[PDB]
Amino acid sequence: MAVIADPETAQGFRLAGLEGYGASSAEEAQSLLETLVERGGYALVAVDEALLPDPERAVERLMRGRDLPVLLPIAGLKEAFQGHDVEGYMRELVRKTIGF
Amino acid sequence: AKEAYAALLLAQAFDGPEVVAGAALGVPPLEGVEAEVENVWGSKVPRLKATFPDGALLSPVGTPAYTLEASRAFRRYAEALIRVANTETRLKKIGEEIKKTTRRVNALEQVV
Amino acid sequence: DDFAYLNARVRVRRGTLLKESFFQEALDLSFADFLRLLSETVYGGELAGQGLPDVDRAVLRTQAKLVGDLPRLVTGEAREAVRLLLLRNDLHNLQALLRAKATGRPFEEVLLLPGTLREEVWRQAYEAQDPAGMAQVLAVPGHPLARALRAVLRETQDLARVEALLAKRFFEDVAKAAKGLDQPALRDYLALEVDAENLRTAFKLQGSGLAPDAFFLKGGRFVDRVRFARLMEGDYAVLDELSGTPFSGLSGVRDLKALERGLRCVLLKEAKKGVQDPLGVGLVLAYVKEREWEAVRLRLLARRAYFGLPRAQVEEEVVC
């Protein structure tokens, strides 16, 4: 539906579907966020680790109870990604639910 | 996927552009959201999977090679990106619940 | 026809074809270091910033004057062969223009490659109505595809078919036109390109289920309709009958990645014979194609360097 990462990498997206957009034109992406919701036919939006998939409050300020795409982790490009994989799982469990 | 992503620039540095022009919108690229109901407490919440066709060949005949190979990666991408899109959102929602329940547990357990 | 001017120029330019150890060196000299390396070499006069996108552009301009020049002179035999080269880059643009024009993308994201029609003419061609009008734009400077497209347009003006026929038809037209240029070396490269093209179409479209002739393009040598059929309907054994040909290297390989790799090496080797023919077309093929193959290697190695990837994965991929 939609995603963003750098243009230079974005192209790949742009082939089959993923009518993506740049991601170095904002380091806030709010701009895009809203634009995205203008049509809202995109139930999927995901971003690199360039931003961080932790300050979702943008979405909360805009959707405001109208659940629309959860920003998902991508990562700029693999070069290693599996180290922080088993980590991303553990990083979640402690601060969600209970701490171990 | 990324193998080909940068590799397919072989001289395709701007025929990415061309190929997307020449070939795109030829396998479904927008719409297919199924909003789902499942256990949601308090004031209701929807989840969903959005799945519809999305990756293969669609160009007429052979045309460049890297194209076809690259579009083949989408098969492996698109599809896969759906699983984490639909499991990771379920996970956090049920998380809240898990917590929220233990919240009442607390109040009830040592307030009432 | 003219080899006076032509040959003297070809001899000088070949003097700056990088040394093999350069190509070894760039692999181990990181992205900054790569940027220095390119900048100290001839392409370097177009190092216009310093970053990966900057490499890609530096290659475009550096080639634009160095290869794009040969059709820009007269119209001797060699210039005609080269004209076909500029025509292939155009063809890519032409396909893009057909889908873009019909599906509502602006001209603006189409980025022209070096071409036999001038950019403003192209701009006029996009802006020039239906495919007939577009073709009519094309017919003015002398262009066998213009008439070829026009002939196709009487039969149908359904876009998808127009594309299908556009690739098929341009290369059917080139094949006969090229065959009249009347000496073995040009014919030999052209023939080998045909075999290779048929081979790749059959591999890639496998399981689309049609007849070999349903997708065959004339010019055959070791790649013929029977082989086309056998693989395209599904079976690798075709690749084991290409032993006993100069394309021997397909008998120990099976995948598409490897397929293009092998093919690329053979065509380079084939290109290498032509230093015994400085007044044959053998020399022009070798030099022009070599400047492209240099370009391939510079750009890949630029990316490898930019993204820091596994060395063993890319080092082979610029080596035969």
# chains A, B, ... in the order shown; residues from 1 in each chain; ligands from 1
$ interface_residues --of "chain A" --to "chain B" --cutoff "6 Å" --atoms "only C-alpha atoms" --output "ChimeraX atom specification"
/A:1,12,15-17,97
$ write_last_selection --atoms "C-alpha atoms" --output "mmCIF file, in the first residue's frame"
data_model
loop_
_atom_site.group_PDB
_atom_site.id
_atom_site.type_symbol
_atom_site.label_atom_id
_atom_site.label_comp_id
_atom_site.auth_asym_id
_atom_site.auth_seq_id
_atom_site.Cartn_x
_atom_site.Cartn_y
_atom_site.Cartn_z
ATOM 1 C CA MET A 1 0.000 0.000 0.000
ATOM 2 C CA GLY A 12 12.601 -1.139 -5.423
ATOM 3 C CA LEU A 15 8.406 -1.484 -8.890
ATOM 4 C CA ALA A 16 5.631 -3.795 -7.779
ATOM 5 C CA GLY A 17 3.136 -1.650 -6.045
ATOM 6 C CA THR A 97 3.172 -6.724 30.031
#
$ residues_around --residues "residue 13 of chain A" --least-positions-apart "3" --cutoff "9 Å" --atoms "only C-alpha atoms" --output "ChimeraX atom specification"
/A:2-4,9-10,16-20 /B:74
$ closest_atom_pairs --of "chain C" --to "chain B" --cutoff "9 Å" --atoms "only C-alpha atoms" --output "JSON lines"
{"residue": "C:56", "atom": "CA", "partner": "B:13", "partner_atom": "CA", "distance": 7.0}
{"residue": "C:92", "atom": "CA", "partner": "B:18", "partner_atom": "CA", "distance": 6.9}
{"residue": "C:93", "atom": "CA", "partner": "B:18", "partner_atom": "CA", "distance": 6.6}
{"residue": "C:94", "atom": "CA", "partner": "B:22", "partner_atom": "CA", "distance": 8.8}
{"residue": "C:95", "atom": "CA", "partner": "B:22", "partner_atom": "CA", "distance": 5.6}
{"residue": "C:96", "atom": "CA", "partner": "B:22", "partner_atom": "CA", "distance": 4.1}
{"residue": "C:97", "atom": "CA", "partner": "B:22", "partner_atom": "CA", "distance": 7.2}
{"residue": "C:98", "atom": "CA", "partner": "B:22", "partner_atom": "CA", "distance": 7.1}
{"residue": "C:99", "atom": "CA", "partner": "B:22", "partner_atom": "CA", "distance": 5.0}
{"residue": "C:100", "atom": "CA", "partner": "B:21", "partner_atom": "CA", "distance": 5.4}
{"residue": "C:103", "atom": "CA", "partner": "B:21", "partner_atom": "CA", "distance": 8.8}
{"residue": "C:105", "atom": "CA", "partner": "B:21", "partner_atom": "CA", "distance": 7.5}
{"residue": "C:109", "atom": "CA", "partner": "B:17", "partner_atom": "CA", "distance": 7.1}
{"residue": "C:110", "atom": "CA", "partner": "B:18", "partner_atom": "CA", "distance": 6.6}
{"residue": "C:111", "atom": "CA", "partner": "B:14", "partner_atom": "CA", "distance": 7.2}
{"residue": "C:112", "atom": "CA", "partner": "B:14", "partner_atom": "CA", "distance": 9.0}
{"residue": "C:113", "atom": "CA", "partner": "B:14", "partner_atom": "CA", "distance": 8.7}
{"residue": "C:160", "atom": "CA", "partner": "B:60", "partner_atom": "CA", "distance": 7.0}
{"residue": "C:161", "atom": "CA", "partner": "B:60", "partner_atom": "CA", "distance": 8.2}
{"residue": "C:163", "atom": "CA", "partner": "B:60", "partner_atom": "CA", "distance": 6.7}
{"residue": "C:164", "atom": "CA", "partner": "B:60", "partner_atom": "CA", "distance": 5.5}
{"residue": "C:167", "atom": "CA", "partner": "B:63", "partner_atom": "CA", "distance": 7.3}
{"residue": "C:168", "atom": "CA", "partner": "B:61", "partner_atom": "CA", "distance": 8.8}
{"residue": "C:200", "atom": "CA", "partner": "B:65", "partner_atom": "CA", "distance": 7.7}
{"residue": "C:201", "atom": "CA", "partner": "B:62", "partner_atom": "CA", "distance": 5.0}
{"residue": "C:202", "atom": "CA", "partner": "B:62", "partner_atom": "CA", "distance": 8.1}
{"residue": "C:204", "atom": "CA", "partner": "B:62", "partner_atom": "CA", "distance": 6.5}
{"residue": "C:205", "atom": "CA", "partner": "B:62", "partner_atom": "CA", "distance": 6.4}
{"residue": "C:215", "atom": "CA", "partner": "B:61", "partner_atom": "CA", "distance": 7.9}
{"residue": "C:256", "atom": "CA", "partner": "B:69", "partner_atom": "CA", "distance": 8.6}
{"residue": "C:257", "atom": "CA", "partner": "B:69", "partner_atom": "CA", "distance": 9.0}
{"residue": "C:260", "atom": "CA", "partner": "B:65", "partner_atom": "CA", "distance": 8.5}
{"residue": "C:292", "atom": "CA", "partner": "B:11", "partner_atom": "CA", "distance": 8.9}
{"residue": "C:295", "atom": "CA", "partner": "B:11", "partner_atom": "CA", "distance": 7.9}
{"residue": "C:296", "atom": "CA", "partner": "B:10", "partner_atom": "CA", "distance": 5.6}
{"residue": "C:297", "atom": "CA", "partner": "B:10", "partner_atom": "CA", "distance": 8.1}
{"residue": "C:299", "atom": "CA", "partner": "B:10", "partner_atom": "CA", "distance": 7.2}
{"residue": "C:300", "atom": "CA", "partner": "B:10", "partner_atom": "CA", "distance": 6.6}
{"residue": "C:303", "atom": "CA", "partner": "B:6", "partner_atom": "CA", "distance": 7.2}
{"residue": "C:304", "atom": "CA", "partner": "B:6", "partner_atom": "CA", "distance": 8.8}
$ write_last_selection --atoms "C-alpha atoms" --output "JSON list (two decimals), in the first residue's frame"
[["chain", "number", "residue", "atom", "x", "y", "z"],
["C", 56, "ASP", "CA", 25.72, 7.49, -11.62],
["C", 92, "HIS", "CA", 13.68, 1.68, -23.54],
["C", 93, "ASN", "CA", 12.50, 5.29, -23.48],
["C", 94, "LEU", "CA", 9.94, 4.50, -26.18],
["C", 95, "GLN", "CA", 8.36, 1.66, -24.20],
["C", 96, "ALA", "CA", 8.19, 3.93, -21.15],
["C", 97, "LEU", "CA", 6.60, 6.63, -23.16],
["C", 98, "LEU", "CA", 3.90, 4.31, -24.46],
["C", 99, "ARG", "CA", 2.76, 3.09, -21.00],
["C", 100, "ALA", "CA", 3.33, 6.50, -19.36],
["C", 103, "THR", "CA", -1.68, 5.70, -17.98],
["C", 105, "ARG", "CA", 2.23, 9.63, -15.65],
["C", 109, "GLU", "CA", 9.80, 11.43, -14.66],
["C", 110, "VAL", "CA", 10.92, 9.97, -17.93],
["C", 111, "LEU", "CA", 14.61, 10.72, -18.08],
["C", 112, "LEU", "CA", 16.12, 10.46, -21.56],
["C", 113, "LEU", "CA", 19.16, 8.44, -22.31],
["C", 160, "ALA", "CA", -0.50, -3.63, -24.48],
["C", 161, "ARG", "CA", -0.32, -5.03, -27.98],
["C", 163, "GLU", "CA", 4.13, -2.62, -26.47],
["C", 164, "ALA", "CA", 4.28, -6.31, -27.34],
["C", 167, "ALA", "CA", 9.87, -4.90, -28.82],
["C", 168, "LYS", "CA", 9.14, -7.68, -31.21],
["C", 200, "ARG", "CA", 16.85, -15.20, -22.12],
["C", 201, "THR", "CA", 13.20, -14.81, -23.32],
["C", 202, "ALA", "CA", 12.63, -18.51, -23.04],
["C", 204, "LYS", "CA", 12.31, -15.76, -18.20],
["C", 205, "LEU", "CA", 8.85, -16.36, -19.54],
["C", 215, "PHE", "CA", 7.78, -15.68, -28.98],
["C", 256, "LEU", "CA", 19.19, -16.85, -14.42],
["C", 257, "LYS", "CA", 21.83, -14.88, -12.50],
["C", 260, "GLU", "CA", 23.34, -13.54, -17.69],
["C", 292, "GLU", "CA", 29.93, 0.22, -21.65],
["C", 295, "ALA", "CA", 30.62, 1.49, -17.06],
["C", 296, "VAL", "CA", 28.92, -1.56, -15.62],
["C", 297, "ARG", "CA", 31.85, -2.30, -13.50],
["C", 299, "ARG", "CA", 28.76, 1.54, -11.11],
["C", 300, "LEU", "CA", 28.45, -1.84, -9.34],
["C", 303, "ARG", "CA", 27.37, 0.55, -4.93],
["C", 304, "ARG", "CA", 29.40, -2.17, -3.23]]
$ closest_atom_pairs --of "chain C" --to "chain A" --cutoff "12 Å" --atoms "only C-alpha atoms" --output "tab-separated table"
residue	atom	partner	partner_atom	distance
C:51	CA	A:8	CA	11.3
C:52	CA	A:8	CA	9.0
C:53	CA	A:8	CA	7.8
C:54	CA	A:8	CA	11.6
C:56	CA	A:8	CA	11.3
C:303	CA	A:8	CA	10.9
C:304	CA	A:79	CA	11.6
C:306	CA	A:8	CA	11.6
C:307	CA	A:79	CA	8.0
C:308	CA	A:79	CA	7.6
C:309	CA	A:79	CA	6.7
C:310	CA	A:79	CA	8.7
$ write_last_selection --atoms "C-alpha atoms" --output "PDB file, in the first residue's frame"
ATOM      1  CA  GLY C  51      28.095  10.493  -2.998  1.00  0.00           C
ATOM      2  CA  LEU C  52      26.632   7.456  -4.831  1.00  0.00           C
ATOM      3  CA  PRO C  53      23.988   9.306  -7.016  1.00  0.00           C
ATOM      4  CA  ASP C  54      26.930  11.448  -8.118  1.00  0.00           C
ATOM      5  CA  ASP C  56      25.719   7.486 -11.618  1.00  0.00           C
ATOM      6  CA  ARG C 303      27.374   0.547  -4.928  1.00  0.00           C
ATOM      7  CA  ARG C 304      29.401  -2.175  -3.229  1.00  0.00           C
ATOM      8  CA  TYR C 306      28.567   2.604  -0.703  1.00  0.00           C
ATOM      9  CA  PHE C 307      26.777  -0.168   1.125  1.00  0.00           C
ATOM     10  CA  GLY C 308      29.750  -2.081   2.552  1.00  0.00           C
ATOM     11  CA  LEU C 309      28.454  -5.508   1.455  1.00  0.00           C
ATOM     12  CA  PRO C 310      30.296  -8.899   1.479  1.00  0.00           C
TER      13      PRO C 310
END
$ residues_around --residues "segment 29-36 of chain A" --least-positions-apart "2" --cutoff "9 Å" --atoms "only C-alpha atoms" --output "PyMOL selection string"
chain A and resi 2+21+23-27+38-42+45+51+58-59+62
$ select_by_dssp --residues "chain B" --states "strand (DSSP E)" --output "list in words"
residues 33, 34, 35, 36, 47, 48, 49 and 50 of chain B
$ write_last_selection --atoms "N, CA, C and O atoms" --output "PDB file, in the first residue's frame"
ATOM      1  N   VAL B  33      -8.096  -4.434   2.099  1.00  0.00           N
ATOM      2  CA  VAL B  33      -8.304  -4.419   3.529  1.00  0.00           C
ATOM      3  C   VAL B  33      -9.609  -5.037   3.955  1.00  0.00           C
ATOM      4  O   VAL B  33     -10.697  -4.561   3.645  1.00  0.00           O
ATOM      5  N   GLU B  34      -9.471  -6.097   4.768  1.00  0.00           N
ATOM      6  CA  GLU B  34     -10.483  -6.865   5.447  1.00  0.00           C
ATOM      7  C   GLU B  34     -10.514  -6.492   6.909  1.00  0.00           C
ATOM      8  O   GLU B  34      -9.701  -7.036   7.656  1.00  0.00           O
ATOM      9  N   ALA B  35     -11.425  -5.605   7.399  1.00  0.00           N
ATOM     10  CA  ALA B  35     -11.401  -5.255   8.810  1.00  0.00           C
ATOM     11  C   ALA B  35     -12.000  -6.369   9.605  1.00  0.00           C
ATOM     12  O   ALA B  35     -13.005  -6.961   9.228  1.00  0.00           O
ATOM     13  N   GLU B  36     -11.305  -6.728  10.690  1.00  0.00           N
ATOM     14  CA  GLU B  36     -11.581  -7.904  11.454  1.00  0.00           C
ATOM     15  C   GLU B  36     -11.961  -7.504  12.821  1.00  0.00           C
ATOM     16  O   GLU B  36     -11.408  -6.582  13.423  1.00  0.00           O
ATOM     17  N   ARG B  47      -9.078  -4.731  13.778  1.00  0.00           N
ATOM     18  CA  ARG B  47      -7.788  -5.150  13.287  1.00  0.00           C
ATOM     19  C   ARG B  47      -8.099  -5.558  11.882  1.00  0.00           C
ATOM     20  O   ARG B  47      -9.146  -5.149  11.388  1.00  0.00           O
ATOM     21  N   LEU B  48      -7.183  -6.213  11.139  1.00  0.00           N
ATOM     22  CA  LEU B  48      -7.413  -6.413   9.736  1.00  0.00           C
ATOM     23  C   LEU B  48      -6.196  -6.924   9.125  1.00  0.00           C
ATOM     24  O   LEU B  48      -5.101  -6.794   9.644  1.00  0.00           O
ATOM     25  N   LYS B  49      -6.374  -7.462   7.928  1.00  0.00           N
ATOM     26  CA  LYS B  49      -5.320  -7.978   7.126  1.00  0.00           C
ATOM     27  C   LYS B  49      -5.700  -7.328   5.860  1.00  0.00           C
ATOM     28  O   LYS B  49      -6.881  -7.246   5.550  1.00  0.00           O
ATOM     29  N   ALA B  50      -4.730  -6.860   5.067  1.00  0.00           N
ATOM     30  CA  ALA B  50      -5.060  -6.324   3.784  1.00  0.00           C
ATOM     31  C   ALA B  50      -4.271  -7.152   2.835  1.00  0.00           C
ATOM     32  O   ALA B  50      -3.045  -7.100   2.820  1.00  0.00           O
TER      33      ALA B  50
END
$ residues_around --residues "segment 13-24 of chain C" --least-positions-apart "2" --cutoff "9 Å" --atoms "only C-alpha atoms" --output "mmCIF file with C-alpha atoms, in the first residue's frame"
data_model
loop_
_atom_site.group_PDB
_atom_site.id
_atom_site.type_symbol
_atom_site.label_atom_id
_atom_site.label_comp_id
_atom_site.auth_asym_id
_atom_site.auth_seq_id
_atom_site.Cartn_x
_atom_site.Cartn_y
_atom_site.Cartn_z
ATOM 1 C CA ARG C 9 40.095 8.701 -32.506
ATOM 2 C CA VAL C 10 39.491 5.118 -31.536
ATOM 3 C CA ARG C 11 43.137 4.517 -30.897
ATOM 4 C CA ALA C 26 38.157 -0.211 -6.000
ATOM 5 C CA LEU C 27 36.788 -3.274 -4.151
ATOM 6 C CA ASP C 28 38.983 -2.577 -1.178
ATOM 7 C CA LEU C 37 39.740 6.942 -7.094
ATOM 8 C CA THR C 41 40.583 8.979 -13.253
ATOM 9 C CA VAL C 42 39.091 10.510 -16.388
ATOM 10 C CA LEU C 66 32.312 9.483 -25.719
ATOM 11 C CA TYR C 287 35.907 -0.358 -28.211
ATOM 12 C CA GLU C 290 34.125 -2.132 -23.867
ATOM 13 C CA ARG C 291 33.385 1.387 -22.738
ATOM 14 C CA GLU C 294 33.696 -0.531 -18.018
ATOM 15 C CA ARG C 297 31.848 -2.305 -13.497
ATOM 16 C CA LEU C 298 32.355 1.222 -12.199
ATOM 17 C CA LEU C 301 31.646 -1.235 -7.542
ATOM 18 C CA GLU C 315 34.220 -9.401 -6.775
ATOM 19 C CA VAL C 318 32.678 -7.972 -12.503
#
